[PDB]
Amino acid sequence: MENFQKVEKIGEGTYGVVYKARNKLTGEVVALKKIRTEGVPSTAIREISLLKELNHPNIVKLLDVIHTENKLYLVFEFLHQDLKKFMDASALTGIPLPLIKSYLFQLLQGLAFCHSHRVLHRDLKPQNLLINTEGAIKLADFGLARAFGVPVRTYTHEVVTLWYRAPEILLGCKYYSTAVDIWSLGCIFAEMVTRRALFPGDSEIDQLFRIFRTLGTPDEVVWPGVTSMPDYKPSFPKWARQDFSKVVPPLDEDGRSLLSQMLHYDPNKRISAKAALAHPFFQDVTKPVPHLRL
Ligand SMILES: Nc1nc(Nc2ccc(S(N)(=O)=O)cc2)sc1C(=O)Nc1cccc(F)c1
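Using this note's numbering, read the sequence shown as starting at 46 and increasing by one per residue.
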C-alpha cells in the first residue's frame, strides 16, 4: 500500500480489486490484487506458494505475496490488456484467424502446464486472459475456490459471469477436474471466432439450458451418469443437438472438430490440453503480433 502507489483501478476480480501500481522503490509497474477478512485461512498460502513457484510463459507471474491484517496482497507482473477489451476492440473486423489460433495454442500450453502440476484454473474468461504487444497471452486469476470460496458474487454485489461454466459444475458436481478449464477455453475459442458469446446465460438454469439448446439435452448415452447428478431433473426439456456448422461459422472443419472435442458433455471424453495441442488444427500455427491500442 505504501511501497506502492495505486496508479489506477483495473478491475473487480471475484476475490478483490486489481490495481495498476508502481513500486516506489524499484520503479516497476505491476498489477496488485487486494484479497477480500477475519483471519486469512493459512491453508490457502500453500496454494499461493505453489503458484509463485509456477513458471511458464503463458501464466501471469506472481511476483510477491503480502499477508498483513486480514489483507492479502498479490503482486503480479503487469500485462498490457485483457482479451475482453481486445475482442471488443476487434468486433468490427474480428480477430484474424492466425492470431486466434496462436492465442488458443498458447492458452492450451498454459493449461497443459498447470494441469500437469495439478493446478486447476476453474474460472477462465476473457477478462482474465491477458495479452502483450509481443503476441503472448497469459492465464491470470487462478480462481482459488478451494484456497478461498464461492459465496454469491465477486466481493461487493457484482454479477458473476456464468458463460464459461462447464455443465458438470452447473449440474452440481462438487469436484471439478481439469476438464472444466478445457470447456471454458472452448467457449472462449468459439467467441473469438464468431464475435458473440457462445452461451450467454443470465442465471445458472438459463446457462444450462442455453448449453442444452445448442448441444442437445445430454442423456445417458452421451454422458453416462448424467441423470444421477445433484441438480439434474428428469423434468429438463429435451432439446436436439444443433450442427456445429451453424454454431461456429466460418470456423474451418479442423477448428470445429477441435471445438467439438473441447465441448463434449462427458468430462471424461472431453479432450485434454495436451492432446488438444497435437490436434491438426495447429499444424500451421504461428505467432502473429496483435494491433493493440493502449
Ligand atoms: N497481471 C495483470 N495485468 C493486468 N493488466 C491489465 C491491463 C489492462 C486491462 S484493460 N481492461 O484491457 O484495459 C486489463 C488488465 S490485470 C492482471 C491481473 O493479474 N489481474 C487479476 C485478475 C483477477 C485476479 C488476480 F489475482 C489478478
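For every residue, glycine included, the Cβ atom is placed at its ideal position computed from N, Cα and C.
Excluding five sequence positions before and after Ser-305, the CB atoms of its chain that fall closer than 8 Å to its own CB belong to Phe-289, given in chain order. Within the same chain, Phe-234, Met-237, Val-238 come within 8 Å of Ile-145 by CB-CB distance, once the 5 residues on both sides are set aside.
With fewer than 16 other Cβ atoms inside 10 Å of its own Cβ, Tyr-220 counts as exposed. In the structure shown, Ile-182 adopts extended strand secondary structure according to DSSP, grouped into three states.
Look at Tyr-118 here: in three-state DSSP terms it is strand.
For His-125, same chain residues with a beta-carbon under 7 Å away, outside a window of 5 residues either side, are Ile-176, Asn-177, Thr-178, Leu-337, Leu-339 in chain order.
Beta-bridge annotation (DSSP): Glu-53 is paired with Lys-65. If you ignore the 5 residues before and after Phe-327, its C-beta comes within less than 6 Å of the C-beta of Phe-150, all in its own chain and listed in chain order. For the pair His-112 and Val-85, the CB atoms are nearer than the 8 Å cut-off. Distance from the Cα of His-309 is smallest, within the candidate group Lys-332, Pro-325, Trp-228, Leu-119, for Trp-228. With contacts defined as CB atoms closer than 8 Å, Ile-80 and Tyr-64 fail to qualify as a contacting pair. Taking one beta carbon from each stretch, the region 207–218 and the region 104–111 have fewer than 3 pairs nearer than 8 Å; the two do not touch. Under the criterion of beta carbons closer than 8 Å, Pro-102 and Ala-181 qualify as touching, at roughly 6 Å.
Counting every other CB atom within 10 Å of its CB across the protein chains shown gives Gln-50 a total below 16, marking it as exposed.
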